[PDB]
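A.B. asks: If you scroll down you'll find the structure; I have some questions about it.
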Amino acid sequence: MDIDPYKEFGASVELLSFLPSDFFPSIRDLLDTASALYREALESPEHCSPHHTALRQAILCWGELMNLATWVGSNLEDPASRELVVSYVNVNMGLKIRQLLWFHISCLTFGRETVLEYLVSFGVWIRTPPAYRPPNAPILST
Amino acid sequence: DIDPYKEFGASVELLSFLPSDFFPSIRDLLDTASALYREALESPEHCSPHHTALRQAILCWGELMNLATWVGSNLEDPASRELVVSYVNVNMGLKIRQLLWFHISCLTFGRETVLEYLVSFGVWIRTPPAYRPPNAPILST
Amino acid sequence: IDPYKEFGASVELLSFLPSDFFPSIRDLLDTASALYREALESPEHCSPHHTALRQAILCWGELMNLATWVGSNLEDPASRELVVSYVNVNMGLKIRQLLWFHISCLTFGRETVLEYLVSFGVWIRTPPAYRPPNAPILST
Amino acid sequence: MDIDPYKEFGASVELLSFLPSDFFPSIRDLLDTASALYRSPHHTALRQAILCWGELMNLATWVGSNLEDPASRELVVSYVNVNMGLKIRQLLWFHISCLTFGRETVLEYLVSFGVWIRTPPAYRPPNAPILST
Amino acid sequence: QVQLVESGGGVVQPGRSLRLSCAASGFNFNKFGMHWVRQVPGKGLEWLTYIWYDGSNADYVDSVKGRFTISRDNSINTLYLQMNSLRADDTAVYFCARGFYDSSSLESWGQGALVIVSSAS
Amino acid sequence: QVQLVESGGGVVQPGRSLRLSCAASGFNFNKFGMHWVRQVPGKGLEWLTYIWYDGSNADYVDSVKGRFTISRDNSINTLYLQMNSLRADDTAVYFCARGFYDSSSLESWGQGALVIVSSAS
Amino acid sequence: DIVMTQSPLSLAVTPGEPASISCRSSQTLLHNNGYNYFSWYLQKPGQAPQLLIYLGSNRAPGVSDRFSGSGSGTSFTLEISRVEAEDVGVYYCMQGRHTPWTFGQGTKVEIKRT
Amino acid sequence: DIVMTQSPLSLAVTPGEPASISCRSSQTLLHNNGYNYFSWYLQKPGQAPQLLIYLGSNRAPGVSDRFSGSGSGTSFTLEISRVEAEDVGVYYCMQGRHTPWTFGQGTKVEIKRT
């Protein structure tokens with residue numbers, strides 16, 4: 001039951017749930033940035049390093065899911081069933097994939113210690129009187 | 001005859017000078033305690049008095065929530081329920097918010113800076129609004 | 001989430017103690033105050049149970065303040081009673097218990113408290129037909 | 001686009017796919033053994049596949065609860081518990097076996113199975129080759 | 001909704017004393033209070049007395065102070081109002097009600113019964 | 001079991017237009033489709049048209065194509081079939097049904113109503 | 001002990017027009033709970049009284065929205081937006097700050113004759 | 001678009017004996033889900049139609065086991081093991097592969113006269 005993909009990496013599930021859902025980016029943007037900046041790195045058969053097998057395993061679930069969507073498109077003649085299932089496959093469940101991709105990506109470039117402190121600082125910043133906090137939100141930057 | 005903050009070098013008046021708006025919501029404090037300090041919260045350690053205060057505040061406020069639920073279930077007449085729940089939630093919970101913020105902040109940044117932040121905030125508030133600088137000092141890091 | 005965990009005890013270990021065989025509130029209040037006021041009043045910070053008690057007394061003070069406020073308002077006699085009876089009887093079991101624990105651990109040392117607490121479980125379990133007459137006291 | 005879990009582990013999808021679909025085991029018992037005997041990133045891959053299966057089971061249960069229309073249920077359940085589990089079984093078996101026998105003592109087993117299948121049934125030796133201890 | 005029915009009303013000869021019946025059902029009698037309301041023709045409502053759930057305390061108005069008494073029997077959940085030293089100014093219809101909006105205003109009112117005193121028949 | 005009752009049937013003078021009423025209850029109208037079935041005496045059943053839950057799409061048969069229309073009001077969960085340019089070949093009893101075995105065959109059929117056109121009365 | 005007061009004694013309303021009635025009390029009704037103990041009652045010939053407004057400014061359950069009221073302290077007012085034919089009756093205001101309870105004088109409504 | 005067909009037009013059955021009726025369709029009904037969209041309906045004079053077989057080879061809920069059918073593709077058959085006195089009626093087959101929906105010609109049953 002205690003299946004936390006972030007446990008081994010030092011983070012935990014509650015930390016990600018600290019921030020609001022809407023703050024996270026979309027999907028196609030993550031795919032595009034990954035393809036643009038790490039094509040060779042993910043393609044390389046070398047052992048590379050942690051987080052790389054993780055991204056490889058993560059993208060696969062999204063792929064298959066979309067395969068299921070395009071498969072059920074033609075089938076499932078009933079209109080209502082069609083729309084409901086397809087929306088569920090691509091509007092509710094993808095939240096987790098988002099989170100995974102964003103966490104991994106942020107870890108790759110700007111470090112780990114950095115993404116953790118950014119997460120905690122951002123979590124504290126949001127929950128605090130609006131007039132008693134710095135005017136600007138914390139941009140990850142480098 | 002009890003000065004809870006005396007054991008850390010602060011007094012009640014220091015926080016009493018702090019308005020109600022500054023403290024965060026109760027849910028925010030509970031979520032912070034859960035997410036950021038759960039691992040060592042249950043584990044046994046020496047010293048670390050702040051851990052002990054947080055642990056007993058969580059039990060106290062859980063007991064208060066149980067009381068709120070129990071009074072909601074009974075007391076058929078809705079008239080009293082509003083007053084009871086108001087007093088239990090907004091008025092009594094102020095001290096819990098007061099203590100939770102103090103101790104959580106103390107954990108993250110320690111006594112070294114929180115006391116100075118308190119004295120500076122007091123100095124800022126005491127003066128009239130007319131000559132008060134633009135914005136309230138921020139604790140920062 | 002565990003009331004006592006860090007003293008080498010568990011909530012299930014205290015279950016064996018029946019609720020009725022605890023002492024009354026005012027006795028624990030007096031026993032703590034008279035004996036250990038000086039311990040309460042010091043600059044030294046140690047023995048976490050000191051602060052823990054300081055939290056227990058604060059909670060009791062807040063509950064008493066609520067009780068008097070309810071006594072002041074809520075003209076309806078029936079509800080006022082009911083609330084007063086509940087706060088007096090049902091609301092104090094946990095506090096009490098806490099007081100019995102600490103007060104009693106600063107006086108007799110911890111090991112003596114842990115021994116008494118595991119032994120007392122024997123008394124309840126034995127049958128009256130062959131049970132020894134007397135029950136064990138903390139002693140010192 | 002060029003994703004395939006097998007490539008980075010010195011294995012090629014051809015070796016893992018040369019086997020027939022019937023040779024693979026069920027998913028209930030494979031899951032049980034995986035949990036029982038287990039708890040390099042290979043462990044992280046096993047955990048990810050575990051999560052994938054579990055979430056698929058959550059999806060199937062939820063779709064069963066809702067969707068009052070009866071017909072769609074059978075199709076959705078069959079597709080996620082038959083077609084969508086073949087590869088899951090494949091990945092779990094491939095990522096589990098090697099933890100016990102070892103890397104090499106795996107490739108050789110995979111290649112021998114291709115030779116065995118290619119041999120006509122008439123000339124095929126009776127035994128059932130296995131990697132053994 | 002609770003339904004309350006009174007009884008015992010009618011004509012009484014002058015100089016005697018009479019007792020009125022007001023029974024209730026469908027709610028927790030032990031958890032709420034009761035009140036008595038009077039209306040002589042030509043005027044409006046007038047408060048008379050009330051009793052708390054325990055019954056230890058009671059109050060009265062100066063008009064009938066010391067001459068009327070009220071009691072309750074929680075075993076059968078029935079109200080009682082005893083009348084003594086009746087006068088010609090006491091000829092009115094009597095109502096028993098219950099208040100539960102935080103112990104202030106009456107909520108459910110009974111049908112009431114009229115009491116008449118006179119010598120002719 | 002769901003029960004559907006129609007209304008509005010009867011005799012109509014030639015050359016005019018009439019609208020039939022078919023209301024349903026006891027199940028989720030927004031989650032299922034509706035169909036119209038016709039039977040002139042002497043022949044069997046004939047399919048006419050259908051509408052999807054959203055109502056954006058619709059279909060028609062060549063016999064009445066472009067002259068009949070169907071619409072639904074999800075606020076009250078009521079079906080509607082509008083008839084214009086009625087002919088002598090349209091004299092038949094009309095049935096509205098619902099199909100849920102994976103969107104293929106109708107399951108519950110209403111009682112139906114007959115529509116008659118003629119000049120005599 | 002408390003002296004109650006009502007005004008105006010009579011008010012005939014053409015139905016469909018708004019109207020307001022005022023009831024005044026001598027001593028303040030603001031308790032330490034922030035509430036005011038004041039009542040609005042409705043009485044019909046041959047019928048038992050019915051509730052109009054409870055706790056000063058909260059509508060009693062089941063009462064139509066056509067009646068509304070507000071106010072605090074020693075001044076209150078009952079307002080009816082639209083008068084219907086079934087609204088004819090005599091209205092009362094009551095006090096429940098201190099025992100003994102006291103009632104008002106009454107206010108009866110009717111239709112202005114031609 | 002689809003041409004429907006039924007045969008035989010009439011069939012009188014001595015009750016207690018089995019019987020079979022055949023309905024044929026022009027275009028194949030095997031969709032990519034492995035299912036066939038074909039129907040069996042029952043119609044009674046003065047009554048609304050009732051379902052017989054659903055999804056080609058699955059019995060509709062509440063229908064007695066006395067009726068069974070099977071088949072695939074462009075050929076199907078309705079079989080009744082034992083004929084009861086209440087089984088008299090006109091039977092229909094329908095198509096739901098492609099819109100628009102089309103019905104058959106019908107098959108009425110009766111008792112062979114002496």
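Residues are named by chain letter and number: chains run A, B, ... in the order of the structure tokens, numbers start at 1 in each chain, and ligands are numbered from 1 in the order shown.
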Is it possible to get the superposed chain G, fitted on chain H over all Cα pairs by sequence order, as a tab-separated table (two decimals) with N, CA and C atoms, in the first residue's frame?

C.D. replies:
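The result, stored in result.tsv:
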```
chain	number	residue	atom	x	y	z
G	1	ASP	N	-31.63	1.75	-45.85
G	1	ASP	CA	-30.57	1.26	-46.72
G	1	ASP	C	-30.50	-0.26	-46.71
G	2	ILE	N	-30.60	-0.83	-45.52
G	2	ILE	CA	-30.51	-2.28	-45.37
G	2	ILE	C	-31.84	-2.91	-45.75
G	3	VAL	N	-31.77	-3.99	-46.53
G	3	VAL	CA	-32.94	-4.77	-46.90
G	3	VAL	C	-33.10	-5.89	-45.88
G	4	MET	N	-34.26	-5.94	-45.24
G	4	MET	CA	-34.51	-6.97	-44.24
G	4	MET	C	-35.30	-8.09	-44.87
G	5	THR	N	-35.26	-9.26	-44.25
G	5	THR	CA	-35.96	-10.42	-44.80
G	5	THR	C	-36.33	-11.39	-43.69
G	6	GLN	N	-37.51	-12.00	-43.81
G	6	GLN	CA	-37.97	-13.01	-42.86
G	6	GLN	C	-38.59	-14.18	-43.62
G	7	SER	N	-38.58	-15.35	-42.97
G	7	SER	CA	-39.16	-16.56	-43.52
G	7	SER	C	-39.23	-17.65	-42.45
G	8	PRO	N	-40.27	-18.48	-42.44
G	8	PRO	CA	-41.46	-18.46	-43.30
G	8	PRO	C	-42.47	-17.42	-42.83
G	9	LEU	N	-43.38	-17.00	-43.71
G	9	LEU	CA	-44.34	-15.96	-43.35
G	9	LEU	C	-45.30	-16.45	-42.27
G	10	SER	N	-45.72	-17.71	-42.35
G	10	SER	CA	-46.64	-18.28	-41.37
G	10	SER	C	-46.13	-19.64	-40.93
G	11	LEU	N	-46.48	-20.01	-39.70
G	11	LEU	CA	-46.10	-21.31	-39.16
G	11	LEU	C	-47.07	-21.65	-38.04
G	12	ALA	N	-47.93	-22.64	-38.27
G	12	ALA	CA	-48.87	-23.12	-37.27
G	12	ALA	C	-48.25	-24.31	-36.55
G	13	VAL	N	-48.26	-24.26	-35.22
G	13	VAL	CA	-47.55	-25.23	-34.40
G	13	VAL	C	-48.55	-25.95	-33.51
G	14	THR	N	-48.51	-27.28	-33.54
G	14	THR	CA	-49.19	-28.07	-32.52
G	14	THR	C	-48.46	-27.87	-31.19
G	15	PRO	N	-49.14	-27.43	-30.13
G	15	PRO	CA	-48.41	-26.97	-28.96
G	15	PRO	C	-47.85	-28.08	-28.08
G	16	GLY	N	-46.57	-27.93	-27.74
G	16	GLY	CA	-45.80	-28.98	-27.12
G	16	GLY	C	-44.67	-29.51	-27.98
G	17	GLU	N	-44.57	-29.04	-29.26
G	17	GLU	CA	-43.56	-29.39	-30.24
G	17	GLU	C	-42.63	-28.20	-30.51
G	18	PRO	N	-41.38	-28.45	-30.87
G	18	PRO	CA	-40.46	-27.35	-31.17
G	18	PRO	C	-40.71	-26.75	-32.55
G	19	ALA	N	-40.21	-25.53	-32.73
G	19	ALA	CA	-40.34	-24.83	-34.00
G	19	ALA	C	-39.22	-23.82	-34.13
G	20	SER	N	-38.90	-23.47	-35.38
G	20	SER	CA	-37.81	-22.55	-35.67
G	20	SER	C	-38.23	-21.56	-36.74
G	21	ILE	N	-37.82	-20.31	-36.58
G	21	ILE	CA	-38.09	-19.24	-37.54
G	21	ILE	C	-36.78	-18.56	-37.88
G	22	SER	N	-36.62	-18.18	-39.15
G	22	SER	CA	-35.35	-17.66	-39.65
G	22	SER	C	-35.52	-16.24	-40.18
G	23	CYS	N	-34.61	-15.36	-39.77
G	23	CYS	CA	-34.55	-13.98	-40.23
G	23	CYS	C	-33.18	-13.71	-40.81
G	24	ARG	N	-33.14	-13.11	-42.01
G	24	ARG	CA	-31.90	-12.89	-42.72
G	24	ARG	C	-31.71	-11.42	-43.04
G	25	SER	N	-30.45	-10.98	-43.02
G	25	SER	CA	-30.07	-9.60	-43.28
G	25	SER	C	-29.00	-9.55	-44.35
G	26	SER	N	-28.99	-8.46	-45.12
G	26	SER	CA	-28.09	-8.36	-46.26
G	26	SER	C	-26.64	-8.16	-45.82
G	27	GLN	N	-26.39	-7.14	-45.01
G	27	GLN	CA	-25.03	-6.75	-44.66
G	27	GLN	C	-24.63	-7.35	-43.32
G	28	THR	N	-23.34	-7.62	-43.18
G	28	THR	CA	-22.84	-8.29	-41.99
G	28	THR	C	-23.04	-7.41	-40.76
G	29	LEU	N	-23.29	-8.06	-39.63
G	29	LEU	CA	-23.53	-7.36	-38.38
G	29	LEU	C	-22.41	-7.54	-37.36
G	30	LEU	N	-21.30	-8.15	-37.75
G	30	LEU	CA	-20.17	-8.35	-36.84
G	30	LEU	C	-19.37	-7.06	-36.74
G	31	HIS	N	-19.56	-6.32	-35.64
G	31	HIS	CA	-18.74	-5.15	-35.37
G	31	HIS	C	-17.38	-5.55	-34.84
G	32	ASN	N	-16.54	-4.55	-34.57
G	32	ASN	CA	-15.14	-4.83	-34.13
G	32	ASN	C	-15.10	-5.19	-32.64
G	33	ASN	N	-16.27	-5.30	-32.00
G	33	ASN	CA	-16.32	-5.63	-30.55
G	33	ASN	C	-16.66	-7.12	-30.40
G	34	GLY	N	-16.74	-7.84	-31.52
G	34	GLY	CA	-17.13	-9.23	-31.46
G	34	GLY	C	-18.60	-9.47	-31.21
G	35	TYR	N	-19.40	-8.41	-31.32
G	35	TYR	CA	-20.82	-8.52	-31.07
G	35	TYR	C	-21.61	-8.35	-32.35
G	36	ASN	N	-22.86	-8.79	-32.34
G	36	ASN	CA	-23.72	-8.65	-33.51
G	36	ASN	C	-24.97	-7.94	-33.04
G	37	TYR	N	-25.39	-6.93	-33.70
G	37	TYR	CA	-26.53	-6.09	-33.38
G	37	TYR	C	-27.76	-6.62	-34.10
G	38	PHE	N	-28.52	-7.48	-33.42
G	38	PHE	CA	-29.72	-8.07	-33.97
G	38	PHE	C	-30.71	-8.27	-32.84
G	39	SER	N	-32.00	-8.24	-33.16
G	39	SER	CA	-33.04	-8.20	-32.14
G	39	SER	C	-34.14	-9.22	-32.43
G	40	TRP	N	-34.87	-9.55	-31.35
G	40	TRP	CA	-36.02	-10.44	-31.44
G	40	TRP	C	-37.11	-9.77	-30.61
G	41	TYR	N	-38.26	-9.46	-31.20
G	41	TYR	CA	-39.36	-8.76	-30.55
G	41	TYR	C	-40.61	-9.62	-30.58
G	42	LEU	N	-41.49	-9.39	-29.60
G	42	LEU	CA	-42.77	-10.08	-29.52
G	42	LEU	C	-43.89	-9.05	-29.41
G	43	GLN	N	-44.94	-9.23	-30.21
G	43	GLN	CA	-46.04	-8.27	-30.28
G	43	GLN	C	-47.36	-9.01	-30.15
G	44	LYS	N	-48.24	-8.49	-29.31
G	44	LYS	CA	-49.53	-9.06	-28.98
G	44	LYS	C	-50.65	-8.10	-29.38
G	45	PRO	N	-51.76	-8.62	-29.92
G	45	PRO	CA	-52.89	-7.75	-30.26
G	45	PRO	C	-53.36	-6.94	-29.06
G	46	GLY	N	-53.52	-5.64	-29.26
G	46	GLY	CA	-53.96	-4.75	-28.21
G	46	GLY	C	-52.94	-4.49	-27.12
G	47	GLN	N	-51.67	-4.77	-27.36
G	47	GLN	CA	-50.64	-4.61	-26.35
G	47	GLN	C	-49.38	-4.05	-26.98
G	48	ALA	N	-48.49	-3.55	-26.13
G	48	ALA	CA	-47.23	-3.01	-26.60
G	48	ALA	C	-46.24	-4.15	-26.84
G	49	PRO	N	-45.28	-3.94	-27.74
G	49	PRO	CA	-44.28	-4.98	-28.02
G	49	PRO	C	-43.40	-5.31	-26.82
G	50	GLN	N	-42.91	-6.54	-26.80
G	50	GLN	CA	-42.08	-7.05	-25.72
G	50	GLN	C	-40.82	-7.69	-26.29
G	51	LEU	N	-39.76	-7.69	-25.49
G	51	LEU	CA	-38.46	-8.15	-25.96
G	51	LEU	C	-38.32	-9.66	-25.82
G	52	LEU	N	-37.61	-10.27	-26.78
G	52	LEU	CA	-37.39	-11.71	-26.75
G	52	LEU	C	-35.92	-12.06	-26.55
G	53	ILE	N	-35.06	-11.62	-27.47
G	53	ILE	CA	-33.63	-11.87	-27.36
G	53	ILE	C	-32.87	-10.58	-27.61
G	54	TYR	N	-31.83	-10.35	-26.81
G	54	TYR	CA	-31.06	-9.13	-26.95
G	54	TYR	C	-29.60	-9.37	-27.30
G	55	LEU	N	-29.01	-8.48	-28.10
G	55	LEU	CA	-27.60	-8.61	-28.47
G	55	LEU	C	-27.31	-9.87	-29.28
G	56	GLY	N	-28.32	-10.38	-29.98
G	56	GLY	CA	-28.14	-11.55	-30.82
G	56	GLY	C	-28.33	-12.89	-30.14
G	57	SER	N	-27.69	-13.10	-28.99
G	57	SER	CA	-27.70	-14.40	-28.35
G	57	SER	C	-27.87	-14.34	-26.84
G	58	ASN	N	-28.33	-13.23	-26.28
G	58	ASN	CA	-28.54	-13.11	-24.84
G	58	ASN	C	-30.02	-12.88	-24.56
G	59	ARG	N	-30.57	-13.63	-23.62
G	59	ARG	CA	-31.99	-13.52	-23.30
G	59	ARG	C	-32.28	-12.24	-22.54
G	60	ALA	N	-33.39	-11.59	-22.89
G	60	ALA	CA	-33.80	-10.39	-22.20
G	60	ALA	C	-34.25	-10.72	-20.78
G	61	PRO	N	-34.09	-9.80	-19.84
G	61	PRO	CA	-34.45	-10.09	-18.45
G	61	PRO	C	-35.93	-10.44	-18.31
G	62	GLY	N	-36.20	-11.44	-17.48
G	62	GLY	CA	-37.56	-11.85	-17.20
G	62	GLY	C	-38.19	-12.76	-18.22
G	63	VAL	N	-37.56	-12.96	-19.37
G	63	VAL	CA	-38.11	-13.81	-20.41
G	63	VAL	C	-37.90	-15.27	-20.02
G	64	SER	N	-38.92	-16.09	-20.24
G	64	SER	CA	-38.83	-17.51	-19.91
G	64	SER	C	-37.80	-18.21	-20.78
G	65	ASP	N	-37.26	-19.30	-20.25
G	65	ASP	CA	-36.24	-20.06	-20.96
G	65	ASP	C	-36.79	-20.82	-22.16
G	66	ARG	N	-38.12	-20.87	-22.33
G	66	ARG	CA	-38.71	-21.65	-23.41
G	66	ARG	C	-38.28	-21.16	-24.78
G	67	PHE	N	-37.81	-19.92	-24.89
G	67	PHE	CA	-37.35	-19.35	-26.14
G	67	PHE	C	-35.83	-19.25	-26.11
G	68	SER	N	-35.19	-19.66	-27.21
G	68	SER	CA	-33.75	-19.56	-27.34
G	68	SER	C	-33.40	-19.29	-28.80
G	69	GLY	N	-32.22	-18.71	-29.01
G	69	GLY	CA	-31.76	-18.43	-30.35
G	69	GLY	C	-30.24	-18.34	-30.38
G	70	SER	N	-29.70	-18.45	-31.59
G	70	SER	CA	-28.27	-18.31	-31.76
G	70	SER	C	-27.99	-17.86	-33.18
G	71	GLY	N	-26.74	-17.96	-33.59
G	71	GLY	CA	-26.34	-17.57	-34.93
G	71	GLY	C	-25.40	-16.38	-34.92
G	72	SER	N	-24.85	-16.11	-36.10
G	72	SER	CA	-23.90	-15.03	-36.26
G	72	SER	C	-23.88	-14.60	-37.72
G	73	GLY	N	-23.26	-13.45	-37.96
G	73	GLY	CA	-23.12	-12.95	-39.31
G	73	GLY	C	-24.42	-12.53	-39.94
G	74	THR	N	-24.77	-13.13	-41.07
G	74	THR	CA	-25.98	-12.79	-41.81
G	74	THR	C	-27.11	-13.79	-41.62
G	75	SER	N	-26.95	-14.78	-40.73
G	75	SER	CA	-27.95	-15.81	-40.54
G	75	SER	C	-28.26	-15.95	-39.06
G	76	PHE	N	-29.55	-15.98	-38.72
G	76	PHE	CA	-29.99	-16.18	-37.35
G	76	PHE	C	-31.29	-16.96	-37.35
G	77	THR	N	-31.60	-17.58	-36.22
G	77	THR	CA	-32.79	-18.41	-36.10
G	77	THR	C	-33.35	-18.31	-34.69
G	78	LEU	N	-34.67	-18.23	-34.60
G	78	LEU	CA	-35.38	-18.22	-33.33
G	78	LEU	C	-36.01	-19.59	-33.10
G	79	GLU	N	-35.73	-20.19	-31.95
G	79	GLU	CA	-36.17	-21.54	-31.63
G	79	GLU	C	-36.97	-21.54	-30.34
G	80	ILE	N	-38.13	-22.20	-30.36
G	80	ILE	CA	-38.98	-22.35	-29.19
G	80	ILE	C	-39.14	-23.84	-28.92
G	81	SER	N	-38.68	-24.29	-27.75
G	81	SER	CA	-38.69	-25.72	-27.45
G	81	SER	C	-40.12	-26.25	-27.32
G	82	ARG	N	-40.94	-25.59	-26.51
G	82	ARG	CA	-42.30	-26.05	-26.22
G	82	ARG	C	-43.25	-24.88	-26.42
G	83	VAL	N	-44.29	-25.10	-27.22
G	83	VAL	CA	-45.25	-24.05	-27.52
G	83	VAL	C	-46.38	-24.10	-26.50
G	84	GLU	N	-46.67	-22.96	-25.88
G	84	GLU	CA	-47.75	-22.82	-24.92
G	84	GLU	C	-48.88	-22.01	-25.53
G	85	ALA	N	-50.05	-22.09	-24.89
G	85	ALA	CA	-51.24	-21.43	-25.43
G	85	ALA	C	-51.09	-19.92	-25.44
G	86	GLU	N	-50.22	-19.37	-24.59
G	86	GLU	CA	-50.03	-17.93	-24.51
G	86	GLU	C	-48.97	-17.42	-25.47
G	87	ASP	N	-48.42	-18.29	-26.32
G	87	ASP	CA	-47.34	-17.91	-27.22
G	87	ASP	C	-47.83	-17.39	-28.57
G	88	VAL	N	-49.14	-17.25	-28.76
G	88	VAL	CA	-49.66	-16.81	-30.05
G	88	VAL	C	-49.38	-15.33	-30.23
G	89	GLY	N	-48.83	-14.98	-31.40
G	89	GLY	CA	-48.54	-13.59	-31.69
G	89	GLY	C	-47.78	-13.47	-32.99
G	90	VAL	N	-47.38	-12.23	-33.29
G	90	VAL	CA	-46.61	-11.90	-34.48
G	90	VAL	C	-45.22	-11.47	-34.04
G	91	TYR	N	-44.20	-12.09	-34.62
G	91	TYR	CA	-42.81	-11.89	-34.22
G	91	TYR	C	-42.08	-11.03	-35.24
G	92	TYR	N	-41.09	-10.28	-34.77
G	92	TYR	CA	-40.35	-9.34	-35.60
G	92	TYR	C	-38.85	-9.46	-35.34
G	93	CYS	N	-38.06	-9.15	-36.36
G	93	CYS	CA	-36.62	-9.00	-36.23
G	93	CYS	C	-36.18	-7.62	-36.71
G	94	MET	N	-35.15	-7.06	-36.06
G	94	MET	CA	-34.76	-5.66	-36.39
G	94	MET	C	-33.24	-5.55	-36.58
G	95	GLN	N	-32.78	-4.45	-37.17
G	95	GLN	CA	-31.33	-4.25	-37.45
G	95	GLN	C	-30.84	-2.98	-36.75
G	96	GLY	N	-29.63	-2.99	-36.18
G	96	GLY	CA	-29.13	-1.75	-35.62
G	96	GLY	C	-27.65	-1.50	-35.88
G	97	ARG	N	-27.15	-2.03	-37.00
G	97	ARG	CA	-25.76	-1.82	-37.38
G	97	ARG	C	-25.51	-0.38	-37.80
G	98	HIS	N	-26.21	0.08	-38.83
G	98	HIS	CA	-26.07	1.43	-39.35
G	98	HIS	C	-27.43	2.12	-39.33
G	99	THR	N	-27.43	3.41	-39.01
G	99	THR	CA	-28.64	4.19	-39.18
G	99	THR	C	-28.92	4.37	-40.67
G	100	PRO	N	-30.19	4.46	-41.06
G	100	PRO	CA	-31.42	4.41	-40.26
G	100	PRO	C	-31.82	2.99	-39.90
G	101	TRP	N	-32.61	2.83	-38.85
G	101	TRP	CA	-33.03	1.51	-38.41
G	101	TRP	C	-34.13	0.96	-39.31
G	102	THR	N	-34.06	-0.33	-39.59
G	102	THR	CA	-35.02	-1.00	-40.46
G	102	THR	C	-35.61	-2.21	-39.75
G	103	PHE	N	-36.88	-2.48	-40.04
G	103	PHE	CA	-37.59	-3.61	-39.47
G	103	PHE	C	-37.84	-4.66	-40.54
G	104	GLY	N	-38.29	-5.83	-40.10
G	104	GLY	CA	-38.56	-6.93	-40.99
G	104	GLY	C	-39.95	-6.87	-41.58
G	105	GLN	N	-40.45	-8.05	-41.95
G	105	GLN	CA	-41.78	-8.18	-42.52
G	105	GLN	C	-42.78	-8.80	-41.56
G	106	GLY	N	-42.33	-9.60	-40.61
G	106	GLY	CA	-43.21	-10.16	-39.61
G	106	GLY	C	-43.41	-11.66	-39.77
G	107	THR	N	-43.82	-12.31	-38.68
G	107	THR	CA	-44.13	-13.73	-38.69
G	107	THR	C	-45.19	-13.99	-37.63
G	108	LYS	N	-46.38	-14.40	-38.06
G	108	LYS	CA	-47.50	-14.66	-37.17
G	108	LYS	C	-47.68	-16.16	-36.98
G	109	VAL	N	-48.01	-16.56	-35.76
G	109	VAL	CA	-48.17	-17.96	-35.41
G	109	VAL	C	-49.61	-18.22	-35.03
G	110	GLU	N	-50.01	-19.48	-35.14
G	110	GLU	CA	-51.37	-19.91	-34.81
G	110	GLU	C	-51.36	-21.41	-34.59
G	111	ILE	N	-52.55	-21.98	-34.44
G	111	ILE	CA	-52.72	-23.41	-34.20
G	111	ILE	C	-53.23	-24.06	-35.48
G	112	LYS	N	-52.61	-25.17	-35.86
G	112	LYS	CA	-53.03	-25.88	-37.07
G	112	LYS	C	-54.42	-26.46	-36.88
G	113	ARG	N	-55.34	-26.09	-37.76
G	113	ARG	CA	-56.73	-26.52	-37.62
G	113	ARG	C	-56.88	-27.99	-37.97
G	114	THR	N	-57.97	-28.57	-37.49
G	114	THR	CA	-58.30	-29.96	-37.79
G	114	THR	C	-59.23	-30.03	-38.99
```

A.B. asks: For residue 14 in chain F, list every protein, DNA or RNA residue within 12 Å, evaluated using only C-alpha atoms, and leave out those in the same chain fewer than 3 positions away; present the list as a PyMOL selection string.

C.D. replies: chain F and resi 11+17-18+84-91+115-121

A.B. asks: Kindly provide the residues of chain C that approach chain E to within 12 Å, each paired with its closest atom pair and their distance in Å to one decimal, based on only C-alpha atoms, listed by chain and increasing number, as CSV.

C.D. replies:
```
residue,atom,partner,partner_atom,distance
C:73,CA,E:102,CA,11.5
C:74,CA,E:102,CA,8.2
C:75,CA,E:103,CA,7.4
C:76,CA,E:103,CA,5.8
C:77,CA,E:52,CA,7.4
C:78,CA,E:31,CA,6.5
C:79,CA,E:31,CA,8.2
C:80,CA,E:31,CA,11.5
C:81,CA,E:54,CA,10.8
C:82,CA,E:31,CA,10.2
```

A.B. asks: Which neighbours of range 59-72 of chain A fall inside 12 Å, counting only C-alpha atoms, when residues of the same chain fewer than 5 positions from it are skipped, and could you give them as a ChimeraX atom specification?

C.D. replies: /A:27-28,30-31,34-35,42,52-54,77-79,81-91,93-98,100-102,104 /D:1-5,45,48-49,51-53,55-56,59,72,75-76,79-80,83-85,87-88 /H:32-33

A.B. asks: Name the residues in contact with residue 65 in chain E at a cut-off of 10 Å, using only C-alpha atoms, excluding same-chain residues fewer than 5 positions from it; report them as a list in words.

C.D. replies: residues 48, 49, 59 and 60 of chain E
